[PDB]
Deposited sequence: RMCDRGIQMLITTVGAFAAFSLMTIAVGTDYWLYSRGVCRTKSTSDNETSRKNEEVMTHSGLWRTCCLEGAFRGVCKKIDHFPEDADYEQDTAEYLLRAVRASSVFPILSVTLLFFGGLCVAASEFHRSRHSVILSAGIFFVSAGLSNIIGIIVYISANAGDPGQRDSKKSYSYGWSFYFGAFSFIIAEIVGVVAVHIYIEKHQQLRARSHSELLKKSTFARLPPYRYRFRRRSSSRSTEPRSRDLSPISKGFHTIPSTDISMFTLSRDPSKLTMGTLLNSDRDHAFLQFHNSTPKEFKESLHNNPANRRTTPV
């Protein structure tokens, strides 16, 4: 099933990257009641907050991420969105390795490194989610951008598993 395995890997890599990039770009992470500058229903993201109703509707303001070493570090890490961006970067590199595999079949480690990138991307994604939620804590709901991030994590982990299976079966088949 190597053809189908590679198909799943490529499609999944693209899906994970697309979902994560959209999530990092779009601004529907959180539905709360803040202000775009009275408090009204808003819809914040990683960078901008926007009004969902009333006169200033459609108006978005850069999130004042900033207004205790631990609080400072959390606020810094959440302000720069280090971890969502790092997960996007790693998904990009994983996709590059998956693409490069076919054009260079001599070396095996290419697809293995794809798998490792995807797994690492998932881990960064988790750290991002935790940091984001924790930083918010310092009524509400989660939007579709948040769930795009979550689905990116799941798909990334699946694609990592499939990639490692491709590498394993290549070495198992060739070695014996």
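- Several segments of the deposited sequence have no coordinates for C-alpha: 1-3, 41-53, 84-90, 162-170, 209-314, numbered from the first residue.
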